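Just so you know, the protein sequences line up as chains Z, E, D, V, X, B, P and G, in that order. Numbering-wise (this note's numbering), the first sequence opens with residue 367 and increments by one. Numbering-wise (this note's numbering), the second sequence opens with residue 3 and increments by one. Numbering-wise (this note's numbering), the third sequence opens with residue 3 and increments by one. Numbering-wise (this note's numbering), the fourth sequence opens with residue 367 and increments by one. Numbering-wise (this note's numbering), the fifth sequence opens with residue 3 and increments by one. Numbering-wise (this note's numbering), the sixth sequence opens with residue 3 and increments by one. Numbering-wise (this note's numbering), the seventh sequence opens with residue 367 and increments by one. Numbering-wise (this note's numbering), the eighth sequence opens with residue 367 and increments by one. Virtual Cβ for every residue (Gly too), placed ideally from N, Cα, C.
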Amino acid sequence: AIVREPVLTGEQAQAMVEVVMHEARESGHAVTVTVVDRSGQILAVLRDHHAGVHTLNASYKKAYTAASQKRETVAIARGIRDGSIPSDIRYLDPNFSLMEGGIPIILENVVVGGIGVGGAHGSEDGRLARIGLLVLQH
Amino acid sequence: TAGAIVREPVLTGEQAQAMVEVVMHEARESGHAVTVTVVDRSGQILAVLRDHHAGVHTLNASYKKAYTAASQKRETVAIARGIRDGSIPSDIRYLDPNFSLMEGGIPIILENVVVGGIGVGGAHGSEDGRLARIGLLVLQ
Amino acid sequence: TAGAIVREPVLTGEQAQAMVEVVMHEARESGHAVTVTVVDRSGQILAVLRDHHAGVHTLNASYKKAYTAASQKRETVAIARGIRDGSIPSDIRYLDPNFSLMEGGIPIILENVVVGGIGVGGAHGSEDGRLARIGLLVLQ
Amino acid sequence: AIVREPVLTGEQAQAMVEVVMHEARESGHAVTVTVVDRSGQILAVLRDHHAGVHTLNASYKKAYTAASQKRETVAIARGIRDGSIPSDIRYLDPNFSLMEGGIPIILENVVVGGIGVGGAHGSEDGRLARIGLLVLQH
Amino acid sequence: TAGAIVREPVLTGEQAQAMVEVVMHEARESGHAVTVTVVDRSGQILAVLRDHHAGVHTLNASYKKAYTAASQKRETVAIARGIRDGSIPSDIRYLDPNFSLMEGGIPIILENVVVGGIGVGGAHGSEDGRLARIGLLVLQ
Amino acid sequence: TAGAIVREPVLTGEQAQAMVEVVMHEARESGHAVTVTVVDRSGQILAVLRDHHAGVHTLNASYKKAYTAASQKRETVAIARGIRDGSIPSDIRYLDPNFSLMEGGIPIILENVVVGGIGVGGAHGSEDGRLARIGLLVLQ
Amino acid sequence: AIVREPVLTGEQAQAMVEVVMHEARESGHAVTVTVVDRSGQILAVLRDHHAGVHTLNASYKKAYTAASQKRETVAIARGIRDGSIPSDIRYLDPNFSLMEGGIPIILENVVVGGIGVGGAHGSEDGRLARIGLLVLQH
Amino acid sequence: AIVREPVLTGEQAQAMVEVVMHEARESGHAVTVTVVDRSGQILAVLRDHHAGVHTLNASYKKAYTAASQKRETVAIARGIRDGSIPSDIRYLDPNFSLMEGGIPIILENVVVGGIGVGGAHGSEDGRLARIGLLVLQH
Numbered sequence: 367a368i369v370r371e372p373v374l375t376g377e378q379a380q381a382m383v384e385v386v387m388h389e390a391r392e393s394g395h396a397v398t399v400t401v402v403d404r405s406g407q408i409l410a411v412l413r414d415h416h417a418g419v420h421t422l423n424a425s426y427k428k429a430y431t432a433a434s435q436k437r438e439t440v441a442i443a444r445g446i447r448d449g450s451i452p453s454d455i456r457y458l459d460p461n462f463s464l465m466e467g468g469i470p471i472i473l474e475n476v477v478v479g480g481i482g483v484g485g486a487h488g489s490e491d492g493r494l495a496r497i498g499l500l501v502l503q504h
Numbered sequence: 003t004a005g006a007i008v009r010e011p012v013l014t015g016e017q018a019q020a021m022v023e024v025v026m027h028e029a030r031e032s033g034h035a036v037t038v039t040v041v042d043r044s045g046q047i048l049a050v051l052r053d054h055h056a057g058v059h060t061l062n063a064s065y066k067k068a069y070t071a072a073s074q075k076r077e078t079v080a081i082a083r084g085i086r087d088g089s090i091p092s093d094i095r096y097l098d099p100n101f102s103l104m105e106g107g108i109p110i111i112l113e114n115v116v117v118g119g120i121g122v123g124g125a126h127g128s129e130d131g132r133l134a135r136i137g138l139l140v141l142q
Numbered sequence: 003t004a005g006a007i008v009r010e011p012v013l014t015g016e017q018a019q020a021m022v023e024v025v026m027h028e029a030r031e032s033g034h035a036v037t038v039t040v041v042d043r044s045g046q047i048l049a050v051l052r053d054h055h056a057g058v059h060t061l062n063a064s065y066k067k068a069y070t071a072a073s074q075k076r077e078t079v080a081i082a083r084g085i086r087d088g089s090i091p092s093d094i095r096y097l098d099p100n101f102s103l104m105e106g107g108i109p110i111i112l113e114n115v116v117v118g119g120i121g122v123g124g125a126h127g128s129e130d131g132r133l134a135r136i137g138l139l140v141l142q
Numbered sequence: 367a368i369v370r371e372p373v374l375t376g377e378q379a380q381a382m383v384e385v386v387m388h389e390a391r392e393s394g395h396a397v398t399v400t401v402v403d404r405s406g407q408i409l410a411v412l413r414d415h416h417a418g419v420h421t422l423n424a425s426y427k428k429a430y431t432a433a434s435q436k437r438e439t440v441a442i443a444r445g446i447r448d449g450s451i452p453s454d455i456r457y458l459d460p461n462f463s464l465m466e467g468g469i470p471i472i473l474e475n476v477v478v479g480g481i482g483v484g485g486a487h488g489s490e491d492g493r494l495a496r497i498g499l500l501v502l503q504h
Numbered sequence: 003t004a005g006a007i008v009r010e011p012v013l014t015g016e017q018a019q020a021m022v023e024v025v026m027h028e029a030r031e032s033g034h035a036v037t038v039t040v041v042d043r044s045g046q047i048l049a050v051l052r053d054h055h056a057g058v059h060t061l062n063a064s065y066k067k068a069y070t071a072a073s074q075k076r077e078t079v080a081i082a083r084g085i086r087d088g089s090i091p092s093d094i095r096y097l098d099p100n101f102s103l104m105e106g107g108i109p110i111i112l113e114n115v116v117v118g119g120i121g122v123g124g125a126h127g128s129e130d131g132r133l134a135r136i137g138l139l140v141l142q
Numbered sequence: 003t004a005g006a007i008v009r010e011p012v013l014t015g016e017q018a019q020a021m022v023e024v025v026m027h028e029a030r031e032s033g034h035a036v037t038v039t040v041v042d043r044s045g046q047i048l049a050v051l052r053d054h055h056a057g058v059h060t061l062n063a064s065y066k067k068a069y070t071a072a073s074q075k076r077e078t079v080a081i082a083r084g085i086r087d088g089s090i091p092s093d094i095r096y097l098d099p100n101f102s103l104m105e106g107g108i109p110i111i112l113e114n115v116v117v118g119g120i121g122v123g124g125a126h127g128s129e130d131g132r133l134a135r136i137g138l139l140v141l142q
Numbered sequence: 367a368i369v370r371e372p373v374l375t376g377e378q379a380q381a382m383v384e385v386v387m388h389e390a391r392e393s394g395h396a397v398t399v400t401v402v403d404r405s406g407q408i409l410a411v412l413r414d415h416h417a418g419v420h421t422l423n424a425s426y427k428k429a430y431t432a433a434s435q436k437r438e439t440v441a442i443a444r445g446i447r448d449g450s451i452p453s454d455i456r457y458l459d460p461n462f463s464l465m466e467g468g469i470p471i472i473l474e475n476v477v478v479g480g481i482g483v484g485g486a487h488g489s490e491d492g493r494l495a496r497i498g499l500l501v502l503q504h
Numbered sequence: 367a368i369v370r371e372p373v374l375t376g377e378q379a380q381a382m383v384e385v386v387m388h389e390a391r392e393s394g395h396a397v398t399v400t401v402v403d404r405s406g407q408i409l410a411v412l413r414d415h416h417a418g419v420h421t422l423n424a425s426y427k428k429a430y431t432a433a434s435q436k437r438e439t440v441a442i443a444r445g446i447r448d449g450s451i452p453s454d455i456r457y458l459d460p461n462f463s464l465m466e467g468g469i470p471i472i473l474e475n476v477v478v479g480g481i482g483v484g485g486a487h488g489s490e491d492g493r494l495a496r497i498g499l500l501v502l503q504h
């Protein structure tokens, strides 16, 4: 039969990046935020004019990784460090980043995409990404 | 800004698998050595089957056609005809490195939503299209 | 050899964000499913918004148009017309893998300096250009 | 003179991926399985609609690696860990993955391709890949 | 589903080596600076020899021709002629990034099975084809 | 098989530097915003200078022209003219991803040996060629 | 309103690479020096005819990395080694190099690009890059 | 003035690969040997029909690395291991491999290219590469 599941909308992606960039302004950070769809393809990007261009790749990779692994990128890093996850996870996919700041996006229990932030270093990247995610509480 | 949760059909792995299986059966019965590729709605592979006597280029050909049909929401043969009749600019060829405007890609539609694409390469022209259409039949 | 420090306008993240927001609003009001991309003057993305019903190719299409307009300092539609009228050699198509000579990219200018480019894909031809122009209006 | 060797057929590749996806259903995992030919080029791929897109790369890389190295990817990982294999093996080829789940395919003592599975983590990836391989017992 | 074990000829490293050696000898005797490339049936290199006075582009040219001939199972010159006479759509050019539809690639056949391809670049047109054919002679 | 040691001229870093310096001086005096690129005989960069008002595409344009001229051992403008007059097949465009058959690349020759290539982009057509030629003058 | 900031000029990039190559001559090293703009795109490259072609990539990556991270590449290496920076910083961007020899270029307190040197190994690469940077004192 | 230096000829590259493949036959190994020019661009490749396709990349990367670094790839590996070479050398260039089997080619004291072998594992790769190099004694 035909399976129906939530799909992450352009409007939802836009709302997330807008909130993240507002918070990044407030905290004085120069970042990029990226939201990807279920299959890792971009729905939204916003970059600050003082954010280095690496933050485009950092944020995309984190979003992609979280969307595909269905776990926060920080958790994967923690898992390699404590020996529970093989370190070769790093090389599984050229779009992988295990730096903190990627979070999976779930709607009605289905993974529908990912959000990633780069430019503020790990802790703040994670804090900002979470603020984006929380726009979609349901 | 965010709006409501939107739910849409999803092309399942089982559906993609059934499509490639029926296409390969028809290709063998018809005398063609092909690759058939099914992609999701974002152009990412769900299924590939290649005949060992199909050239490796058919991996690229079938993928590109499937990608193109999914993204353009049109059959690749229709785009080819639009380029020829001047209704579509020829520079469409260079818009995306995964584009192929050769016959054999068809969008996959469930409940009026484009959920993916199917592409076939190796059967030359019209037979790639016929084979791709065979794949769609398994969803009916 | 080095000369003096030169200061020029910078397209801000806020400006790029405002541009993509207004373009997406207009696209939805107009009946188009698009991606809009804004790049800095070196062709590196500042902002992207994509409609979930816009094909993934529109990511590439909009980026390429934005890149092309920023680098060439001309609207992509003007380049397309120059190729057609013979004033621009067709091999311009192959000069850079990020080039698209299809309508919908426009340079972004502040205080007479090209500071970036905007590109739109998914609305077919003239509407991509109209939408890109809407983005420029937010800077005025 | 002219050397003749087995060649992995499309039918064989198809049979392997079908069995793997059946078993993955039964075990409740969302994976991709990929089979490659002797020269690392795809013959078959099947992905579950809940499997992240990284599993395309993971499964391909594992299949490619096993086909070219003529050993299971898990064995290479084990060998780096115990110091018998130099760690720079990781960077020899951009298609390499030393994550468990790639197995070489042998017919009549000749390496004819590789099978790889990604999406279930190492142990289950290996279990699933083996089920695929066993279709070709002779 | 799996069927029987199928055995086919394999182009050996010794055969590929002999082919490139004879082609380079003929090229030097003929006044050409070339690269000759032999690929296996999946388009992966078995042998390359380049003259130090052959431009590096001849690495790409010879590889692409060898790949194309192996995958298409036809001489690249035959494909070029089909594009010109309208029997082959020109978009074949974009189906695979390793395609070259310029003369100089020929499929390698052993016991009626395509086992690889040979390509030559640097001798311009018909001489690339003649040189590629010289390589085939060593298998007889 | 190996033969004798062969010695040939080498384009030095100092020579490549002098070439790009003189080209940039002439470009500024002439009213052009360009990139000039010099490559070694294997197509690998020795020198690049870009004007901050030259679009980033000129990095690719100048490199491709320099590469093409070094590898083909001909001026890119001569290749462009050969395509137009039918003496060179148009598929030369797809032989190598670093090819540009637009005017502005010239081979660099020392003691009758091609030792590299120079390419210029950003000055449109004939001025790219004139600027590239200025670079050659510093070797005399 | 409209923000105005310094932009690294072609003339400035040229002056930097000329000075670096003069010093490299004097010290007997075969290097490449690369200068990139604010967004990591090349403004200048000079390579010695005895410098290996890897120095093109080395110098570019170092320049890019320094421009985007706003810190010297040597500092990032030091930070991974002492545990203050997560090692996965290495994989954030395919243009990253944490080898010594990249330095950010600042004009009037704004990061406007990066300079990188490769071919002399770390210490000398750093020394040469600094000589380039010092051309722009203000 | 005009500098003249040796250039590695096609004939020299051919002679090297022929000797290596003869020795590989004799030793029962399935390898690829690659010779690159001064700027890392291929002059010769020979692969055995039982050598995995990764050996194309392995041999090229080793040849490229040795040509550009002007030292054997085994030496670089040794140097990272003993702490004399920073480990980030691995990421300087996408064509780098620090696996044993790459050797620089020198003519009249000038580095003119590199030879690399892959498929026999490190020690034998190095032994085979050396046999190739020795064709050019002068």
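Per DSSP, the bridge partner or partners of residue i
| i | result |
| --- | --- |
| residue 112 (chain E) | E:115 |
| residue 401 (chain V) | V:410 and V:481 |
| residue 12 (chain E) | Z:369 |
Chain E contact for residue i (CB, 9 Å cutoff)
| i | result |
| --- | --- |
| residue 75 (chain D) | no |
Closest by C-alpha distance to residue i, when choosing among the options
| i | options | result |
| --- | --- | --- |
| residue 126 (chain X) | B:84, B:99 and B:141 | B:84 |
| residue 65 (chain D) | D:77, D:87, D:43 and D:38 | D:38 |
| residue 504 (chain P) | P:452, P:448, P:472 and P:484 | P:472 |
Proximity of residue i and residue j at Cβ, strictly below 9 Å
| i | j | result |
| --- | --- | --- |
| residue 36 (chain E) | residue 133 (chain E) | yes |
| residue 15 (chain B) | residue 387 (chain P) | yes |
| residue 379 (chain G) | residue 418 (chain P) | no |
| residue 408 (chain G) | residue 52 (chain X) | yes |
Nonlocal neighbours in the same chain, by C-beta distance under 7 Å from residue i, ignoring five residues either side
| i | result |
| --- | --- |
| residue 82 (chain D) | 103, 104 and 105 |
| residue 416 (chain Z) | 396 |
| residue 118 (chain D) | 13, 40, 41, 42, 43, 48, 72 and 110 |
Chain P contact for residue i (CB, 9 Å cutoff)
| i | result |
| --- | --- |
| residue 47 (chain B) | yes |
Test: residue i CB closer than 9 Å to a CB of chain G
| i | result |
| --- | --- |
| residue 475 (chain V) | no |
| residue 24 (chain B) | no |
| residue 418 (chain P) | yes |
Other residues of its chain near residue i: CB distance less than 6 Å, five sequence neighbours each side excluded
| i | result |
| --- | --- |
| residue 474 (chain P) | 372 |
Cβ of residue i within 9 Å of any chain Z Cβ
| i | result |
| --- | --- |
| residue 421 (chain V) | yes |
Cut-off 8 Å between Cβ atoms - residues of its own chain near residue i, not counting five sequence neighbours on either side
| i | result |
| --- | --- |
| residue 410 (chain V) | 376, 379, 380, 382, 383, 399, 400 and 401 |
Within-9 Å CB hit, residue i to chain B
| i | result |
| --- | --- |
| residue 491 (chain P) | no |
CB contact check: residue i to chain V, cutoff 9 Å
| i | result |
| --- | --- |
| residue 83 (chain E) | no |
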